[PDB]
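Same chain, two forms, each on its own as structure tokens: structure 1, then structure 2.
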Structure 1
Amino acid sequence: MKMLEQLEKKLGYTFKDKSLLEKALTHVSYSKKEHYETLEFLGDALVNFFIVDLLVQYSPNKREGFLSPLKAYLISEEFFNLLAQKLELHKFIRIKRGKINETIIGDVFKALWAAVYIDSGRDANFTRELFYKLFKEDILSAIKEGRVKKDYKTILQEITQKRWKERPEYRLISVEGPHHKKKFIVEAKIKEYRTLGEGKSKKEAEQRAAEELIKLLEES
């Protein structure tokens, strides 16, 4: 069967307007016109909604402070690539050699959903259910394991502990501003590498200091 059919089968949906599906699979490098860009823009918001709606229904904790870290991972390039793999998107994409990467597979994943949405006559309910039918389980699992984007302090430690079997040091340099709105400046150190970071709390300051130190190291 033709390639579009193969994907429609993996998708469990058949397009009325095949050009829509093909456009979602088309990178600008392969065609200056009718490529996935606009569908990606729409797909981004669409899928974001699908994910959040599911997250808010199945997350054990309904507090935003808890929902946010989960959502960050659930709408991340890493996770989208995980879901796309089930569809083997890579072999369907029309693109020049040497240009494909995970950002692209992610873009196409999003565009594809925008295409289905449009092809269905902008039926958000139908498209959402189609989405869940394919990925609800993968999403619930991630929510169950509480997967999240590792934070900077955690990332820094893993780095320094591997390359030196040592942990970075954080120290308060200064505190400014009104007592109910203090500004904290903290330094992160490893070996002779040093970086500063400011925040509204010591925790936040350290996070930023860690972020910078990671860059600094990565550069040297």
Structure 2
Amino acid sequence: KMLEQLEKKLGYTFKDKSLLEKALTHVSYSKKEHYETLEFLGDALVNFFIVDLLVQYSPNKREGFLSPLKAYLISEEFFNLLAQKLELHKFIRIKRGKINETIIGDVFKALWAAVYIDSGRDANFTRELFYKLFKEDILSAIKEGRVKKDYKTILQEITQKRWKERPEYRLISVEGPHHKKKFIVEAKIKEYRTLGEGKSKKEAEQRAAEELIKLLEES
């Protein structure tokens, strides 16, 4: 009966229960009816609900000031934040031990793609219920100026957490002429190394740090 518990937590009641459930079903539970298709529509939806809220309550309206914020606002970390409010995780139907933050976030999106559709695709209405429940935390995030931590910083905290050691960004080359230069640095921790390329030294490093983070997720 958890079906009619999450609804009384959203402030809406699905006229089509199968749809709601579907947006909560992971492919590893029903290969024929999972939230994949919905997550796709949810992403587009929620992004619009946020951006409209960002260009509206932001102290600065220049793209260069909004982009950085939006990155956070539509980031997985944040969707889990909002999803957490709904206690969403304990409402997902998935095989024991496969659930994570990426799935939650996904489900969170597909959830609203569900409401939107189940209400006859009433953008305006679906948007309101979204704010009713989340507008506050969004305006707070924007006020606080929350932003996505850069890769170089993330890599450092990761490698320091594990091996109490920082990375080392050795410079290996430069191609393009003074007009349009291209750097190639080697990010390295222990014996793992990735390569980054970009306009400036810092830029390249970020590239390398990002790729090196991936390389460290499986190890």
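Rigid core here is just the name for the largest C-alpha set that superposes within 1.5 Å across the two forms. For residue numbers, the reference is structure 1: its sequence is counted from 1.
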Measure from C-alpha superpositions the angle of the smaller rigid part's turn against the larger one between structure 1 and structure 2 and state it in degrees. 26
Keeping the rigid core fixed, work out how far the Cα of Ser174 travels between structure 1 and structure 2, to one decimal in Å. 8.3
Cα shift between structure 1 and structure 2 at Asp151, which is computed once both forms share a superposed rigid core (Å): 2.0
How much does the C-alpha of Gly98 shift between structure 1 and structure 2, in angstrom, given a rigid core superposition? 1.3
